[PDB]
Amino acid sequence: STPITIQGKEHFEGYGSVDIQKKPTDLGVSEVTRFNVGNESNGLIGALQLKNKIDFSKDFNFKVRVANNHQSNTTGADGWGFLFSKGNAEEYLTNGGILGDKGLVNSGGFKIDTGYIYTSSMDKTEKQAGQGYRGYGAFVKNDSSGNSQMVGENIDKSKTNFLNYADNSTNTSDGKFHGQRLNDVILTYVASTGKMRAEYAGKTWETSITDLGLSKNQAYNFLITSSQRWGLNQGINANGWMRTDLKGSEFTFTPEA
Ligand SMILES: [Ca+2]
């Protein structure tokens with residue numbers, strides 16, 4: 001048992017609709033990994049699989065740098081799904097994750113929801129419908145049937161999952177959250193409590209891994225996932241780029257022995 005602390009795209013295998021974007025002038029870094037490129041009739045689907053499994057007997061702390069597309073919540077990406085599973089990126093490409101109503105079984109994780117999916121009953125309850133980069137953050141469980149259900153709670157004073165995933169700011173160094181700019185998603189797990197917490201957009205959420213359907217005596221794949229209009233056979237209309245800087249991200253955990 002030795003924790004490792006790692007940074008960089010070389011610790012990930014990319015699968016599906018992912019590439020490198022060199023010198024994104026709108027984001028202020030050397031490069032990002034970019035989700036939701038090209039055009040397909042059944043939409044776009046991508047994952048990064050961390051090359052090591054995570055031992056859930058031990059704590060982890062991740063800091064993932066993500067920028068959401070500056071796009072309406074019906075032409076852009078479905079969101080971010082930070083997903084823990086025994087399932088792997090190839091099965092994710094075929095089966096889906098945590099950004100709709102169905103995906104990979106007995107899995108769970110944290111979503112930044114950036115796409116209003118008219119077929120999604122979850123998007124209705126969370127009032128995602130409307131103009132104005134309307135989104136929400138939540139932990140999601142996929143049960144033994146692959147059905148996606150929100151779990152855990154928002155634990156900010158505000159006690160809502162709603163967040164604006166982008167804005168029209170021309171003053172992005174003003175100290176405030178600009179969701180179209182790179183921002184920290186902090187995912188922290190403490191083995192001795194079973195608590196997983198997500199921090200993003202100044203907001204905080206918490207669940208137990210038992211409420212995610214995961215177990216402390218197991219090692220899991222970790223997938224950074226995105227999808228754009230995936231499964232709506234409405235094709236792709238627009239740029240839906242969901243971009244992450246893996247070099248400026250940092251992952252501390254105990255890999256599977
Ligand atoms: Ca949604």
Side-chain angles (χ1 to χ4, degrees), residues 16-17 34-37 40 42-47 64 66-85 92-93 95-105 107-143 145-154 156 158-167 177 179-180 183 185 187 198 200-201 203 205 207 212 223-244:
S17 204
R34 172 171 50 191
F35 291 77
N36 307 314
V37 289
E40 301 288 9
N42 207 19
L44 295 179
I45 183 153
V64 187
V66 302
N68 308 138
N69 47 199
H70 186 240
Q71 188 60 71
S72 52
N73 75 6
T74 80
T75 57
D78 309 332
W80 296 106
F82 309 105
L83 177 60
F84 303 93
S85 186
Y92 161 77
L93 287 194
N95 285 28
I98 54 160
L99 281 176
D101 276 9
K102 176 172 209 49
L104 280 177
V105 303
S107 299
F110 186 70
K111 74 173 175 168
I112 306 173
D113 191 329
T114 63
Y116 179 73
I117 275 100
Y118 66 86
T119 53
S120 170
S121 98
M122 208 192 275
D123 283 0
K124 138 135 215 163
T125 50
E126 292 303 329
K127 289 279 220 281
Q128 177 167 48
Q131 312 74 47
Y133 312 101
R134 301 182 61 74
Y136 61 103
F139 289 97
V140 178
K141 159 185 182 155
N142 295 350
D143 60 12
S145 303
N147 301 138
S148 305
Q149 260 263 315
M150 169 184 307
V151 303
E153 262 185 16
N154 184 74
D156 304 318
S158 56
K159 272 310 276 209
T160 179
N161 302 301
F162 178 82
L163 60 92
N164 303 101
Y165 64 77
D167 66 28
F177 185 67
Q180 76 282 359
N183 290 288
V185 177
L187 307 165
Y200 181 64
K203 300 186 61 30
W205 297 255
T207 194
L212 291 173
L223 305 276
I224 301 170
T225 71
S226 200
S227 67
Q228 181 187 9
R229 315 310 292 159
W230 185 77
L232 296 164
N233 296 277
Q234 298 152 26
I236 301 293
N237 255 299
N239 168 311
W241 302 344
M242 295 291 270
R243 291 183 287 173
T244 184

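We number each residue from 1, following the sequence as shown. Read the numbers this way: they start at 1 and go in the same order the structure lists the ligands and their atoms.
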Taking both backbone and side chain into account, is any N, O or S atom of [X] nearer than 3.0 Å to the Ca ion (ligand 1)?
X	result
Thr114	no
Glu126	no
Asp78	no

*Is the shortest side-chain N to carboxylate O distance from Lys159 to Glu153 below 4.0 Å?*
yes
*Answer with yes or no after comparing the ring centroid distance for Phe139 and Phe110 against a 6.0 Å cut-off, counting only values under it.*
yes
_Test applied, ring-ring contact (aromatic ring centres under 6.0 Å, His included); reference residue, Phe177; option that passes from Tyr165, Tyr133, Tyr200_ = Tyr200
_Tell me the angle that O of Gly115 and OE1 of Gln128 form around the Ca ion (ligand 1), rounded to 10°._
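Vertex the Ca ion (ligand 1), arms to O of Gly115 and OE1 of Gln128: 70°.
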*Without hydrogens or angle criteria, can the side chains of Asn237 and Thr75 be said to hold a donor-acceptor pair below 3.5 Å?*
no
